[PDB]
Every structure is written in structure tokens, then in C-alpha cells.
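Structure assessment
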2 protein chains.
Amino acid sequence: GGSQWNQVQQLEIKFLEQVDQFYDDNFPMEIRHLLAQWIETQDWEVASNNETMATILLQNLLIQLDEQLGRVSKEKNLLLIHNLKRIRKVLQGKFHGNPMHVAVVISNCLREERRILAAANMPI
Amino acid sequence: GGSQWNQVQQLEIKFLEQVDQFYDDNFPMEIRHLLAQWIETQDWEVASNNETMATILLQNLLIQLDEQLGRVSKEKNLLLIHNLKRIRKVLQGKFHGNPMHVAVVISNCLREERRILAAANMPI
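So, a few notes on the structure that sits alongside this text.

This next bit is on the interface of chain A and chain B. Chain A puts 21 residues into the contact, and the matching count from chain B is 21 residues. Here chain A and chain B share an interface that buries about 2000 Å² over both sides, 66% of which is from carbon and sulfur atoms. A per-residue breakdown of the area chain A buries against chain B is headed by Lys76, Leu78 and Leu79 of chain A, which together make up 30% of the total. Counting across the interface, chain A meets chain B through 2 salt bridges. The partner of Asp20 of chain B in a salt bridge is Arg86 of chain A, with the nearest N and O atoms 2.8 Å apart. Secondary structure elements with two or more residues in the side of chain A that touches chain B: α1 (4–10), α3 (29–34) and α7 (78–96) of chain A.

The subject of this paragraph is the packing of helix α6 (residues 51–74) of chain B against helix α7 (residues 78–96) of chain B. All names here are of chain B. Taken N-terminus to C-terminus, the directions of α6 and α7 make an angle of 165°; their axes are 10 Å apart at the nearest point. Here α6 is positioned roughly antiparallel relative to α7, judged by the angle of their axes. Our pair here, α6 against α7, has a crossing hand that is left-handed. Along the contact surface, α6 presents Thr55, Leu58, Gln59, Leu61, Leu62, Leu65, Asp66, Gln68, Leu69, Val72 and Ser73, while α7 presents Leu80, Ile81, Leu84, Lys85, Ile87, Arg88, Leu91, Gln92, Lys94 and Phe95.

Rules of the game
- Residues numbered from 1 in each chain as written, not as in the entry; some residues may be left out.
- Chains lettered and ligands numbered in written order.
- Heavy atoms only, no water.
- Contact = heavy atoms within 4.5 Å.
- Buried area = accessible area lost by both parts, 1.4 Å probe.
- Salt bridge = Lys/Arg side-chain N within 4 Å of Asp/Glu carboxyl O.
- Helix = DSSP H or I, 4+ residues; strand = E, 2+ residues; numbered from the N terminus.
- Axes fitted to C-alpha atoms, helices over the stretch in contact; angles between N-to-C directions.
- Parallel < 35°, antiparallel > 145°, perpendicular 65-115°, else oblique.
- Left-handed = near helix turned anticlockwise from the far one by under 90°.

Keep in mind these numbers describe shape, not what the thing actually does.
Here it is in C-alpha cells:
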């Protein structure tokens, strides 16, 4: 009973090179990983053509990001606290700029994983 | 028998906010953490005024970074593999540009930690 991210984690590490360009300022892997289940729950595809929806999703992403920051702070995970706060600043800027584009990037990233998962060689 | 990094990890999490500006493209926290002992072994302070030394240190940092990449690949730590490869590209550019400046940044970062460690309130 795993997420799409959990399925990606079971693939041979060589696939990872194919997804590099699907992550940029609009969507970093820290978010993909720490919030995998939340990310996989939203309809990014519909939000990518709807201003109001995209804004709501980004607002909620920011709220989840803060919860993550509280958790890694309690865990004293220095690297993640440091990286997450820088990500938060970038995402705040996306909120004031173009939330729909963030939805586009996440939507592409998730579909790319579906493509890769289907392509992966697996024995019957 | 811990490193300066290990000592920083024992501080109250609020200190972390003070070191943010000491990390930039020339030196990311991923390197500070994964290679804490190696970082703490080099004489960055002397390399910051010596071209040849700074170049040698950066070449060796790149060699250690590759070993780290082999380890996280074996461990299948997606986030770190992804982040480390992007860091490697940036550092390669620093090697062709200004290695002395990388030494300056690391030297400042380590001294800043010494300042913070000394300032930290600790009961006798």
C-alpha cells in the first residue's frame, strides 16, 4: 500500500537521471518526497487550467510545507530545515506570481513518473 | 569524539537561522553535512590566499563528492542523488572559475560556527 513515489523508489537508480529536468524552482524534490502523499492527492492537471484552483492548491502546499518545517525542526534535521526555508521563500514568490505554472510543472512531473513506471522492466 | 558539525547539531535549532547566508553556490549544506569530517580537515584559511592550494582542495572536494554520490546511489537516496549531481555541476563551474573564493566561503562558514558554538548558552 504505497504511493507512486514509493513505487519510483523501487526502480533501478538509473531512472533518476530522466526526471532531473522535471524539477525546477516551481517544484523541488524535497517537496515531492516529504509530501509525496499530499502531492499525489491533488488534481494538478485541472488546476493547471484554473487560476482559482491553482492558487488554492499552492496556498495549501505552503500550509503543508510549514507542518513539514515544524517536524524537521523537532527532529533537528539541519539540512532539511535549511533547504525547506529557502524553498518556502521561492514558493511564496510563485504564489504572488503564477500559481498555474506550478500546477503545470507538478502535473508534468507526476505524468512523467507514470510513463517511467510503465516503461520499467519487471519480470512476470 | 565528534566533529564541529556534530557539536552544531547539539545546539538549539534556533541558531540555524544565523548561518543561512554562509551557504551559497560556492558551498551548500549538503556538502557541509555529508563531508563534515573531510571539510574540517582542510586548511581553507590558508587556501583562501593561495591559488594552487585552493585548486587542489576543490579538486579533492570533487573527488569526495563522487564517493558520496556512489554511496547515496547504492542507498537509493533519491533526494540526495538528485541534489548532489546538481551541486557537482555548480562546483565544476567554480573549479573553472575561482577556487579561492570557494575556500573563502568555507573558511568563513567554519569560523562562524566556532563563534556560534562559543556563544551558545550551556550550563556548567
